[PDB]
Each structure stands twice: as C-alpha cells, then as structure tokens.
>>> print(open('protein_8.pdb').read())   # PDB, C-alpha atoms (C1' of nucleotides)
ATOM      1  CA  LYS A 140      42.387 -10.198 -64.294  1.00  0.00           C
ATOM      2  CA  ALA A 141      45.546  -9.091 -66.094  1.00  0.00           C
ATOM      3  CA  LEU A 142      45.927  -6.460 -63.380  1.00  0.00           C
ATOM      4  CA  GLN A 143      47.823  -9.201 -61.527  1.00  0.00           C
ATOM      5  CA  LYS A 144      50.503  -9.506 -64.199  1.00  0.00           C
ATOM      6  CA  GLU A 145      50.631  -5.748 -64.756  1.00  0.00           C
ATOM      7  CA  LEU A 146      51.247  -5.242 -61.028  1.00  0.00           C
ATOM      8  CA  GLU A 147      53.901  -7.967 -61.125  1.00  0.00           C
ATOM      9  CA  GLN A 148      55.729  -6.316 -64.032  1.00  0.00           C
ATOM     10  CA  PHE A 149      55.517  -2.945 -62.286  1.00  0.00           C
ATOM     11  CA  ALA A 150      56.896  -4.469 -59.092  1.00  0.00           C
ATOM     12  CA  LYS A 151      59.842  -6.081 -60.873  1.00  0.00           C
ATOM     13  CA  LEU A 152      60.707  -2.795 -62.552  1.00  0.00           C
ATOM     14  CA  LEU A 153      60.238  -1.063 -59.177  1.00  0.00           C
ATOM     15  CA  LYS A 154      62.785  -3.396 -57.604  1.00  0.00           C
ATOM     16  CA  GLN A 155      65.168  -2.640 -60.460  1.00  0.00           C
ATOM     17  CA  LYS A 156      64.826   1.135 -60.041  1.00  0.00           C
ATOM     18  CA  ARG A 157      65.203   0.913 -56.261  1.00  0.00           C
ATOM     19  CA  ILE A 158      68.379  -1.150 -56.579  1.00  0.00           C
ATOM     20  CA  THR A 159      69.712   1.177 -59.285  1.00  0.00           C
ATOM     21  CA  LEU A 160      69.002   4.337 -57.268  1.00  0.00           C
ATOM     22  CA  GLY A 161      70.778   3.147 -54.117  1.00  0.00           C
ATOM     23  CA  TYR A 162      67.801   3.459 -51.752  1.00  0.00           C
ATOM     24  CA  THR A 163      66.987   1.089 -48.906  1.00  0.00           C
ATOM     25  CA  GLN A 164      63.382   0.144 -48.216  1.00  0.00           C
ATOM     26  CA  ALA A 165      63.410   2.149 -44.990  1.00  0.00           C
ATOM     27  CA  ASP A 166      64.744   5.031 -47.075  1.00  0.00           C
ATOM     28  CA  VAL A 167      61.893   4.410 -49.536  1.00  0.00           C
ATOM     29  CA  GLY A 168      59.400   4.717 -46.686  1.00  0.00           C
ATOM     30  CA  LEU A 169      61.100   7.902 -45.501  1.00  0.00           C
ATOM     31  CA  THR A 170      60.919   9.388 -49.007  1.00  0.00           C
ATOM     32  CA  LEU A 171      57.245   8.437 -49.312  1.00  0.00           C
ATOM     33  CA  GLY A 172      56.606  10.133 -45.975  1.00  0.00           C
ATOM     34  CA  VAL A 173      58.476  13.327 -46.844  1.00  0.00           C
ATOM     35  CA  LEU A 174      56.803  13.553 -50.270  1.00  0.00           C
ATOM     36  CA  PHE A 175      53.226  12.547 -49.378  1.00  0.00           C
ATOM     37  CA  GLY A 176      52.969  12.501 -45.580  1.00  0.00           C
ATOM     38  CA  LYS A 177      51.934   8.834 -45.289  1.00  0.00           C
ATOM     39  CA  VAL A 178      55.240   7.304 -44.232  1.00  0.00           C
ATOM     40  CA  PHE A 179      55.242   3.529 -44.649  1.00  0.00           C
ATOM     41  CA  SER A 180      57.345   0.941 -42.859  1.00  0.00           C
ATOM     42  CA  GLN A 181      59.943  -1.155 -44.640  1.00  0.00           C
ATOM     43  CA  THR A 182      57.921  -4.325 -44.031  1.00  0.00           C
ATOM     44  CA  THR A 183      55.246  -3.002 -46.390  1.00  0.00           C
ATOM     45  CA  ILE A 184      57.853  -2.334 -49.088  1.00  0.00           C
ATOM     46  CA  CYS A 185      59.284  -5.837 -48.579  1.00  0.00           C
ATOM     47  CA  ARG A 186      55.855  -7.444 -48.914  1.00  0.00           C
ATOM     48  CA  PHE A 187      55.271  -5.282 -51.992  1.00  0.00           C
ATOM     49  CA  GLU A 188      58.461  -6.191 -53.853  1.00  0.00           C
ATOM     50  CA  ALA A 189      57.860  -9.834 -52.937  1.00  0.00           C
ATOM     51  CA  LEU A 190      54.158  -9.416 -53.845  1.00  0.00           C
ATOM     52  CA  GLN A 191      52.828 -10.509 -50.454  1.00  0.00           C
ATOM     53  CA  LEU A 192      50.230  -7.816 -49.735  1.00  0.00           C
ATOM     54  CA  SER A 193      46.571  -8.287 -50.596  1.00  0.00           C
ATOM     55  CA  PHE A 194      45.080  -7.226 -53.922  1.00  0.00           C
ATOM     56  CA  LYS A 195      43.235  -4.180 -52.588  1.00  0.00           C
ATOM     57  CA  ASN A 196      46.386  -3.064 -50.785  1.00  0.00           C
ATOM     58  CA  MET A 197      48.334  -3.829 -53.972  1.00  0.00           C
ATOM     59  CA  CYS A 198      46.214  -1.364 -55.939  1.00  0.00           C
ATOM     60  CA  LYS A 199      46.205   1.131 -53.067  1.00  0.00           C
ATOM     61  CA  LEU A 200      50.001   1.437 -52.969  1.00  0.00           C
ATOM     62  CA  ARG A 201      50.454   1.300 -56.747  1.00  0.00           C
ATOM     63  CA  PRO A 202      49.919   5.067 -57.320  1.00  0.00           C
ATOM     64  CA  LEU A 203      52.217   6.354 -54.570  1.00  0.00           C
ATOM     65  CA  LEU A 204      55.140   4.284 -55.839  1.00  0.00           C
ATOM     66  CA  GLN A 205      54.347   5.258 -59.432  1.00  0.00           C
ATOM     67  CA  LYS A 206      54.550   8.931 -58.466  1.00  0.00           C
ATOM     68  CA  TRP A 207      57.746   8.463 -56.469  1.00  0.00           C
ATOM     69  CA  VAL A 208      59.562   6.672 -59.292  1.00  0.00           C
ATOM     70  CA  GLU A 209      58.317   9.244 -61.804  1.00  0.00           C
ATOM     71  CA  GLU A 210      59.390  12.196 -59.628  1.00  0.00           C
ATOM     72  CA  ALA A 211      62.596  11.282 -57.757  1.00  0.00           C
ATOM     73  CA  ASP A 212      64.674  10.905 -60.941  1.00  0.00           C
ATOM     74  CA  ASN A 213      65.330  14.653 -61.241  1.00  0.00           C
ATOM     75  CA  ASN A 214      67.320  15.573 -58.125  1.00  0.00           C
ATOM     76  CA  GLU A 215      68.164  13.580 -54.998  1.00  0.00           C
ATOM     77  CA  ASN A 216      70.261  15.948 -52.854  1.00  0.00           C
ATOM     78  CA  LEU A 217      67.466  18.324 -51.839  1.00  0.00           C
ATOM     79  CA  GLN A 218      65.099  15.431 -51.127  1.00  0.00           C
ATOM     80  CA  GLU A 219      67.757  13.787 -48.957  1.00  0.00           C
ATOM     81  CA  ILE A 220      68.376  17.021 -47.045  1.00  0.00           C
ATOM     82  CA  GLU A 238      55.485  -7.011 -22.918  1.00  0.00           C
ATOM     83  CA  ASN A 239      55.056 -10.575 -21.723  1.00  0.00           C
ATOM     84  CA  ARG A 240      54.114  -9.864 -18.098  1.00  0.00           C
ATOM     85  CA  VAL A 241      51.432  -7.393 -19.221  1.00  0.00           C
ATOM     86  CA  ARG A 242      50.217 -10.072 -21.633  1.00  0.00           C
ATOM     87  CA  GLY A 243      50.034 -12.627 -18.829  1.00  0.00           C
ATOM     88  CA  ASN A 244      48.242 -10.213 -16.508  1.00  0.00           C
ATOM     89  CA  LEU A 245      45.666  -9.396 -19.182  1.00  0.00           C
ATOM     90  CA  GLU A 246      45.153 -13.099 -19.897  1.00  0.00           C
ATOM     91  CA  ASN A 247      44.578 -13.524 -16.150  1.00  0.00           C
ATOM     92  CA  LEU A 248      42.034 -10.698 -16.391  1.00  0.00           C
ATOM     93  CA  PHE A 249      40.292 -12.853 -18.965  1.00  0.00           C
ATOM     94  CA  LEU A 250      38.735 -16.259 -18.207  1.00  0.00           C
ATOM     95  CA  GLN A 251      36.551 -14.383 -15.670  1.00  0.00           C
ATOM     96  CA  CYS A 252      35.005 -11.344 -17.437  1.00  0.00           C
ATOM     97  CA  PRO A 253      35.186 -11.622 -21.243  1.00  0.00           C
ATOM     98  CA  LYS A 254      33.754  -8.154 -22.008  1.00  0.00           C
ATOM     99  CA  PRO A 255      34.587  -5.662 -19.248  1.00  0.00           C
ATOM    100  CA  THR A 256      32.967  -2.256 -18.983  1.00  0.00           C
ATOM    101  CA  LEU A 257      34.768   1.023 -19.617  1.00  0.00           C
ATOM    102  CA  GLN A 258      34.715   1.587 -15.850  1.00  0.00           C
ATOM    103  CA  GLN A 259      36.883  -1.508 -15.412  1.00  0.00           C
ATOM    104  CA  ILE A 260      38.889  -0.695 -18.554  1.00  0.00           C
ATOM    105  CA  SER A 261      40.099   2.577 -17.037  1.00  0.00           C
ATOM    106  CA  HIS A 262      41.250   0.728 -13.911  1.00  0.00           C
ATOM    107  CA  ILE A 263      43.032  -1.894 -16.029  1.00  0.00           C
ATOM    108  CA  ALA A 264      44.766   0.822 -18.046  1.00  0.00           C
ATOM    109  CA  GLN A 265      45.934   2.673 -14.936  1.00  0.00           C
ATOM    110  CA  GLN A 266      47.059  -0.597 -13.333  1.00  0.00           C
ATOM    111  CA  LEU A 267      49.304  -1.697 -16.202  1.00  0.00           C
ATOM    112  CA  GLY A 268      50.354   1.751 -17.391  1.00  0.00           C
ATOM    113  CA  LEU A 269      48.885   1.345 -20.876  1.00  0.00           C
ATOM    114  CA  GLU A 270      46.973   3.938 -22.865  1.00  0.00           C
ATOM    115  CA  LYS A 271      43.188   3.691 -22.777  1.00  0.00           C
ATOM    116  CA  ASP A 272      42.891   3.411 -26.564  1.00  0.00           C
ATOM    117  CA  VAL A 273      45.676   0.819 -26.681  1.00  0.00           C
ATOM    118  CA  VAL A 274      43.964  -1.310 -24.038  1.00  0.00           C
ATOM    119  CA  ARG A 275      40.582  -0.932 -25.754  1.00  0.00           C
ATOM    120  CA  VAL A 276      41.873  -2.038 -29.159  1.00  0.00           C
ATOM    121  CA  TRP A 277      43.861  -4.879 -27.601  1.00  0.00           C
ATOM    122  CA  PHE A 278      40.704  -6.010 -25.792  1.00  0.00           C
ATOM    123  CA  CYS A 279      38.776  -5.918 -29.055  1.00  0.00           C
ATOM    124  CA  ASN A 280      41.421  -7.976 -30.854  1.00  0.00           C
ATOM    125  CA  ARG A 281      41.556 -10.444 -27.957  1.00  0.00           C
ATOM    126  CA  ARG A 282      37.817 -10.956 -28.367  1.00  0.00           C
ATOM    127  CA  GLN A 283      38.327 -11.191 -32.125  1.00  0.00           C
ATOM    128  CA  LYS A 284      40.938 -13.942 -32.039  1.00  0.00           C
ATOM    129  CA  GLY A 285      39.041 -15.824 -29.337  1.00  0.00           C
ATOM    130  CA  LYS A 286      35.928 -15.719 -31.518  1.00  0.00           C
ATOM    131  CA  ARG A 287      37.884 -16.967 -34.541  1.00  0.00           C
ATOM    132  CA  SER A 288      37.753 -20.475 -33.069  1.00  0.00           C
TER     133      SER A 288
ATOM    134  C1'  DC B   1      30.688   6.911 -33.089  1.00  0.00           C
ATOM    135  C1'  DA B   2      31.489   2.443 -32.438  1.00  0.00           C
ATOM    136  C1'  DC B   3      32.012  -1.652 -32.800  1.00  0.00           C
ATOM    137  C1'  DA B   4      31.329  -6.716 -35.442  1.00  0.00           C
ATOM    138  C1'  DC B   5      34.065  -8.514 -38.188  1.00  0.00           C
ATOM    139  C1'  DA B   6      37.389  -8.090 -42.195  1.00  0.00           C
ATOM    140  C1'  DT B   7      41.597  -5.981 -43.902  1.00  0.00           C
ATOM    141  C1'  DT B   8      46.226  -3.601 -43.113  1.00  0.00           C
ATOM    142  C1'  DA B   9      50.433  -2.550 -41.755  1.00  0.00           C
ATOM    143  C1'  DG B  10      54.102  -2.061 -38.309  1.00  0.00           C
ATOM    144  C1'  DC B  11      56.985  -4.522 -34.400  1.00  0.00           C
ATOM    145  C1'  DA B  12      60.678  -8.211 -32.734  1.00  0.00           C
ATOM    146  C1'  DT B  13      63.260 -11.193 -34.174  1.00  0.00           C
ATOM    147  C1'  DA B  14      64.791 -14.427 -37.650  1.00  0.00           C
ATOM    148  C1'  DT B  15      67.894 -14.774 -41.898  1.00  0.00           C
ATOM    149  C1'  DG B  16      71.016 -13.129 -45.351  1.00  0.00           C
ATOM    150  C1'  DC B  17      74.566 -10.020 -48.248  1.00  0.00           C
TER     151       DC B  17
ATOM    152  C1'  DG C   1      76.206  -4.310 -39.227  1.00  0.00           C
ATOM    153  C1'  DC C   2      73.065  -3.192 -42.216  1.00  0.00           C
ATOM    154  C1'  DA C   3      69.667  -4.632 -44.833  1.00  0.00           C
ATOM    155  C1'  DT C   4      65.929  -7.720 -46.114  1.00  0.00           C
ATOM    156  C1'  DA C   5      62.040 -11.760 -45.046  1.00  0.00           C
ATOM    157  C1'  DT C   6      59.023 -13.789 -41.605  1.00  0.00           C
ATOM    158  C1'  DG C   7      55.182 -14.438 -37.404  1.00  0.00           C
ATOM    159  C1'  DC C   8      52.616 -11.937 -35.170  1.00  0.00           C
ATOM    160  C1'  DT C   9      49.672  -9.046 -33.617  1.00  0.00           C
ATOM    161  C1'  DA C  10      47.755  -2.993 -32.796  1.00  0.00           C
ATOM    162  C1'  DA C  11      45.189  -0.373 -35.588  1.00  0.00           C
ATOM    163  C1'  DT C  12      42.328   0.998 -38.695  1.00  0.00           C
ATOM    164  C1'  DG C  13      38.580   0.482 -41.740  1.00  0.00           C
ATOM    165  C1'  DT C  14      33.791  -1.274 -43.816  1.00  0.00           C
ATOM    166  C1'  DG C  15      29.579  -1.482 -42.314  1.00  0.00           C
ATOM    167  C1'  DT C  16      26.284  -0.645 -38.970  1.00  0.00           C
ATOM    168  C1'  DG C  17      22.864   0.273 -34.708  1.00  0.00           C
TER     169       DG C  17
END
>>> encode(input="protein_8.pdb", output="structure tokens")
Amino acid sequence: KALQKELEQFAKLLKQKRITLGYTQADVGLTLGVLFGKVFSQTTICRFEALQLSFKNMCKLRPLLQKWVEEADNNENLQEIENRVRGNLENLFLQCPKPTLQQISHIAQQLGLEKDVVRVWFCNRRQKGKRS
DNA sequence: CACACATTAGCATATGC
DNA sequence: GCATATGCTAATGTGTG
C-alpha cells in the first residue's frame, strides 16, 4: 500500500545523498560489493533511482542501500582504498526444438561456448518461443 | 537437481551533462 | 569522455517431479 510512497521518498532521498557524496552509480555498485559481497551493476541502481524495478526487487534492495547510506557517512578514504553464433543456433533450431545433452555438448564444442551458457540460452530460446 | 515458467539483473548501445 | 537511461536478453529463482 503506502510502501510504494515510502519507497519513493526513500529513493528521492537516496538520489540526494548519492549526488551530495560524489559517487557514481558504478561506484555505488562497487561500494555495495566491497561492503556486502553482492556487487550490483549500475543499471540496477539506475532503475532503482528511476523506480523501474519490480516491487519485490524494490523491497529486496531497500535494506542494502539503507545500510550503505547509514554507514558510509563516517569515513570514505579507507573504503575507497555474437551475431554469427546467434544465427548458427537459430539454424540449429527449426529442426530439433529440444536437443539432448549429447547433442548439447557437441553444439557447445562447435561454437566455443560454455556448456552451462548454451544450456541456459537453449532454455530461454524455448521460453521466448513458447511465449507466443 | 532440474526444469516449467516467472522474476531479475547485467550487457551493448543509445542519450545526455 | 564520463556518466546516466534504454532494449534486450543470460541467469537465477520459485516450484516441482
């Protein structure tokens, strides 16, 4: 309910503190990584300050940023111190929608991609083709 | 675990200060 | 040139067999 407006107020104040402290969003991600271990990319911080992320994600990243703004105020010095593969895989589709792992290993060795990368890309290919 | 589908979060490049 | 906003899709995660 009002959690929406409370998040929005927190985000506006967060933008104000970030601009006042002279930290870029990539620097914010680096600080989050070096103070918690879960380094985040600057796109996530952008979508946060612009309030683009989903509600569950909104709540999930609220506490980390709360802690960073409540902690970093003390001292800053120590804290500071490809398309052809796509086309080939599309060619591999239209004939065998769900290949076996035996074929997956061959595909991975053929195009030089990691087995897990090819497996997840295959799953998401199926996913977006089953959207429609 | 793993995978069926939903969420999530980082990349390449597009804009902007 | 660096720093933000977008489109887009690897990657995980919920939930499960």
>>> resolve_selection(input="protein_8.pdb", expression="the PyMOL selection byres ((chain B) within 8 of (chain A))", output="list in words")
residues 5, 8, 9 and 10 of chain B
>>> interface_residues(input="protein_8.pdb", of="chain C", to="chain A", cutoff="12 Å", atoms="only C-alpha atoms (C1' of nucleotides)", output="PyMOL selection string")
chain C and resi 2-6+9-12
>>> closest_residue(input="protein_8.pdb", among="A:255, A:171, A:263, A:246", to="residue 210 of chain A", atoms="all atoms listed in the file")
A:171
>>> atom_distance(input="protein_8.pdb", atom1="atom CA of residue 146 of chain A", atom2="atom CA of residue 214 of chain A")
26.5 Å
>>> atom_distance(input="protein_8.pdb", atom1="atom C1' of residue 1 of chain C", atom2="atom CA of residue 155 of chain A")
24.0 Å
>>> atom_distance(input="protein_8.pdb", atom1="atom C1' of residue 13 of chain B", atom2="atom CA of residue 271 of chain A")
27.5 Å
>>> resolve_selection(input="protein_8.pdb", expression="the PyMOL selection byres ((chain C and resi 15) around 10)", output="list in words")
residues 3, 4 and 5 of chain B; 13, 14 and 16 of chain C
>>> write_last_selection(input="protein_8.pdb", atoms="C-alpha atoms (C1' of nucleotides)", output="mmCIF file, in the coordinates of the input")
data_model
loop_
_atom_site.group_PDB
_atom_site.id
_atom_site.type_symbol
_atom_site.label_atom_id
_atom_site.label_comp_id
_atom_site.auth_asym_id
_atom_site.auth_seq_id
_atom_site.Cartn_x
_atom_site.Cartn_y
_atom_site.Cartn_z
ATOM 1 C "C1'" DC B 3 32.012 -1.652 -32.800
ATOM 2 C "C1'" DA B 4 31.329 -6.716 -35.442
ATOM 3 C "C1'" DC B 5 34.065 -8.514 -38.188
ATOM 4 C "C1'" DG C 13 38.580 0.482 -41.740
ATOM 5 C "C1'" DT C 14 33.791 -1.274 -43.816
ATOM 6 C "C1'" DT C 16 26.284 -0.645 -38.970
#
>>> axis_aligned_box(input="protein_8.pdb", around="chain C", padding_each_side="8 Å", output="AutoDock Vina command-line options")
--center_x 49.5 --center_y -6.7 --center_z -39.5 --size_x 69.3 --size_y 31.4 --size_z 29.3
>>> resolve_selection(input="protein_8.pdb", expression="the PyMOL selection byres ((chain A and resi 242) around 12)", output="mmCIF file with C-alpha atoms, keeping the file's coordinate frame")
data_model
loop_
_atom_site.group_PDB
_atom_site.id
_atom_site.type_symbol
_atom_site.label_atom_id
_atom_site.label_comp_id
_atom_site.auth_asym_id
_atom_site.auth_seq_id
_atom_site.Cartn_x
_atom_site.Cartn_y
_atom_site.Cartn_z
ATOM 1 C CA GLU A 238 55.485 -7.011 -22.918
ATOM 2 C CA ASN A 239 55.056 -10.575 -21.723
ATOM 3 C CA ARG A 240 54.114 -9.864 -18.098
ATOM 4 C CA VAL A 241 51.432 -7.393 -19.221
ATOM 5 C CA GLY A 243 50.034 -12.627 -18.829
ATOM 6 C CA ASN A 244 48.242 -10.213 -16.508
ATOM 7 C CA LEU A 245 45.666 -9.396 -19.182
ATOM 8 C CA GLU A 246 45.153 -13.099 -19.897
ATOM 9 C CA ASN A 247 44.578 -13.524 -16.150
ATOM 10 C CA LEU A 248 42.034 -10.698 -16.391
ATOM 11 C CA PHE A 249 40.292 -12.853 -18.965
ATOM 12 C CA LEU A 267 49.304 -1.697 -16.202
ATOM 13 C CA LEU A 269 48.885 1.345 -20.876
ATOM 14 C CA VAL A 274 43.964 -1.310 -24.038
ATOM 15 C CA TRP A 277 43.861 -4.879 -27.601
ATOM 16 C CA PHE A 278 40.704 -6.010 -25.792
ATOM 17 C CA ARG A 281 41.556 -10.444 -27.957
#
>>> residues_around(input="protein_8.pdb", residues="residue 207 of chain A", least_positions_apart="6", cutoff="10 Å", atoms="only C-alpha atoms (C1' of nucleotides)", output="number ranges by chain")
A: 167, 170-171, 174-175
>>> build_atoms(input="protein_8.pdb", residues="segment 190-216 of chain A", atoms="N, CA, C and O atoms", output="tab-separated table (two decimals), in the frame of the given file")
chain	number	residue	atom	x	y	z
A	190	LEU	N	55.55	-9.20	-53.46
A	190	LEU	CA	54.16	-9.42	-53.84
A	190	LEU	C	53.43	-10.28	-52.81
A	190	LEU	O	52.86	-11.32	-53.12
A	191	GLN	N	53.47	-9.81	-51.56
A	191	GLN	CA	52.83	-10.51	-50.45
A	191	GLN	C	51.54	-9.85	-50.00
A	191	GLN	O	50.65	-10.53	-49.49
A	192	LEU	N	51.40	-8.54	-50.19
A	192	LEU	CA	50.23	-7.82	-49.74
A	192	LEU	C	48.99	-8.25	-50.51
A	192	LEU	O	49.07	-8.88	-51.57
A	193	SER	N	47.83	-7.92	-49.96
A	193	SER	CA	46.57	-8.29	-50.60
A	193	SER	C	46.32	-7.43	-51.84
A	193	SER	O	46.97	-6.41	-52.07
A	194	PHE	N	45.35	-7.87	-52.64
A	194	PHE	CA	45.08	-7.23	-53.92
A	194	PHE	C	44.62	-5.78	-53.75
A	194	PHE	O	45.09	-4.88	-54.45
A	195	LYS	N	43.69	-5.55	-52.82
A	195	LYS	CA	43.24	-4.18	-52.59
A	195	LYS	C	44.39	-3.30	-52.13
A	195	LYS	O	44.55	-2.17	-52.62
A	196	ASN	N	45.21	-3.81	-51.21
A	196	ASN	CA	46.39	-3.06	-50.78
A	196	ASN	C	47.37	-2.89	-51.94
A	196	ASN	O	48.01	-1.84	-52.07
A	197	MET	N	47.49	-3.91	-52.78
A	197	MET	CA	48.33	-3.83	-53.97
A	197	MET	C	47.96	-2.61	-54.81
A	197	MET	O	48.80	-1.74	-55.10
A	198	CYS	N	46.68	-2.50	-55.15
A	198	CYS	CA	46.21	-1.36	-55.94
A	198	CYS	C	46.36	-0.06	-55.17
A	198	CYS	O	46.65	0.99	-55.76
A	199	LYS	N	46.15	-0.10	-53.85
A	199	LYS	CA	46.20	1.13	-53.07
A	199	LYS	C	47.60	1.73	-53.06
A	199	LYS	O	47.76	2.96	-53.17
A	200	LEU	N	48.64	0.90	-52.92
A	200	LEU	CA	50.00	1.44	-52.97
A	200	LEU	C	50.60	1.52	-54.36
A	200	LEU	O	51.73	2.02	-54.49
A	201	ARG	N	49.92	1.05	-55.41
A	201	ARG	CA	50.45	1.30	-56.75
A	201	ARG	C	50.68	2.79	-57.04
A	201	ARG	O	51.80	3.14	-57.44
A	202	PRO	N	49.72	3.69	-56.83
A	202	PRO	CA	49.92	5.07	-57.32
A	202	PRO	C	51.03	5.82	-56.61
A	202	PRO	O	51.75	6.60	-57.26
A	203	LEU	N	51.18	5.63	-55.30
A	203	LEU	CA	52.22	6.35	-54.57
A	203	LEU	C	53.60	6.00	-55.10
A	203	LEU	O	54.44	6.88	-55.32
A	204	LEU	N	53.85	4.71	-55.32
A	204	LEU	CA	55.14	4.28	-55.84
A	204	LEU	C	55.33	4.73	-57.28
A	204	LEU	O	56.44	5.10	-57.68
A	205	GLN	N	54.26	4.72	-58.08
A	205	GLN	CA	54.35	5.26	-59.43
A	205	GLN	C	54.81	6.71	-59.40
A	205	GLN	O	55.74	7.10	-60.12
A	206	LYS	N	54.18	7.52	-58.55
A	206	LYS	CA	54.55	8.93	-58.47
A	206	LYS	C	55.98	9.10	-57.97
A	206	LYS	O	56.72	9.95	-58.48
A	207	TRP	N	56.39	8.30	-56.99
A	207	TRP	CA	57.75	8.46	-56.47
A	207	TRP	C	58.79	8.13	-57.53
A	207	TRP	O	59.77	8.86	-57.70
A	208	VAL	N	58.58	7.03	-58.27
A	208	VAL	CA	59.56	6.67	-59.29
A	208	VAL	C	59.53	7.67	-60.44
A	208	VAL	O	60.55	7.91	-61.09
A	209	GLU	N	58.37	8.27	-60.72
A	209	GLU	CA	58.32	9.24	-61.80
A	209	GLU	C	58.82	10.62	-61.39
A	209	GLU	O	59.10	11.45	-62.27
A	210	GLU	N	58.96	10.88	-60.09
A	210	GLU	CA	59.39	12.20	-59.63
A	210	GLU	C	60.83	12.24	-59.14
A	210	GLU	O	61.53	13.21	-59.43
A	211	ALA	N	61.30	11.22	-58.43
A	211	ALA	CA	62.60	11.28	-57.76
A	211	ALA	C	63.78	11.29	-58.71
A	211	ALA	O	64.91	11.54	-58.27
A	212	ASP	N	63.57	11.02	-60.00
A	212	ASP	CA	64.67	10.90	-60.94
A	212	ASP	C	65.37	12.23	-61.22
A	212	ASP	O	66.48	12.22	-61.77
A	213	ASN	N	64.77	13.36	-60.85
A	213	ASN	CA	65.33	14.65	-61.24
A	213	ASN	C	66.50	15.05	-60.36
A	213	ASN	O	67.62	15.24	-60.84
A	214	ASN	N	66.27	15.19	-59.06
A	214	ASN	CA	67.32	15.57	-58.12
A	214	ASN	C	67.12	14.83	-56.82
A	214	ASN	O	65.98	14.68	-56.35
A	215	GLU	N	68.22	14.36	-56.23
A	215	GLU	CA	68.16	13.58	-55.00
A	215	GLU	C	68.70	14.33	-53.78
A	215	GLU	O	68.29	14.03	-52.66
A	216	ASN	N	69.60	15.30	-53.98
A	216	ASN	CA	70.26	15.95	-52.85
A	216	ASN	C	69.27	16.72	-51.99
A	216	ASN	O	69.27	16.59	-50.76
